[PDB]
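Sequence lines, in order, name chains M and E.
Under the deposited numbering, the first sequence has 50 at position 50, and the numbering climbs by one with no breaks.
Quick note: to get the deposited numbering, add 346 to the position in the second sequence (first position is 1).
Positions of the beta carbon are idealized from the N, C-alpha and C atoms, including for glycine.
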Amino acid sequence: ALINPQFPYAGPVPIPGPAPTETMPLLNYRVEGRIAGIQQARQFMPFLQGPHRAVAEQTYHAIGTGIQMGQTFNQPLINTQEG
Amino acid sequence: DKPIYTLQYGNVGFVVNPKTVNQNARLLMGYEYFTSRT
């Protein structure tokens, strides 16, 4: 702010002001609020809580069976070298 | 804001139920996506 003498800035907005209204009042709000609809315990989703496999491992079962059977052919006898 | 991401909520699919189907009809699908580089 600058004040300049001799033209000085009025020393106030004075008493000639026009009170325009008495509408100043905010009427307090008084209220009762009830949000009470029956609630049912459940919601349907496509899927909740699953941690789906991105790849599975290979998996398997097992079997064996049979017996011990055989047809054989042997090497001929040979002269013994030494000993 | 909420990208389609299977593994977050099972398999998801884009669906079209056609009223009329001419010979050689097909759906050309275009996707915009983010992915993971393992």
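- Task: Identify, in the order they occur along the chain, each residue of the same chain with its Cβ nearer than 8 angstroms to the Cβ of E:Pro364, setting aside the five sequence neighbours on each side.
- Result: As a position in the second sequence, residue 364 of chain E is number 18, starting the count at 1. So the list reads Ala371, once near-sequence residues are dropped.
- Task: Under the assumption that E:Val358 contacts E:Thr352 (Cβ atoms under 8 angstroms), give the Cβ distance between them as a whole number of angstroms.
- Result: As a working note, residue 358 of chain E is residue 12 in the second sequence. As a working note, residue 352 of chain E is residue 6 in the second sequence. Taking the Cβ atoms as the reference, E:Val358 lies roughly 6 angstroms from E:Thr352, within the contact range of under 8 angstroms.
- Query: How long is the line joining the alpha carbons of M:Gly33 and M:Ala10, rounded to whole angstroms?
  - Reply: Your numbering for residue 33 of chain M matches position 33 in the first sequence. Your numbering for residue 10 of chain M matches position 10 in the first sequence. If you take the alpha carbons of M:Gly33 and M:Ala10, they lie about 54 angstroms apart.
- Between M:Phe73 and chain E, is there a C-beta pair that is closer than 7 angstroms? For the purposes of this step, residue 73 of chain M is taken as the residue at position 73 of the first sequence. Cβ-Cβ to chain E under 7 angstroms: no for M:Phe73.
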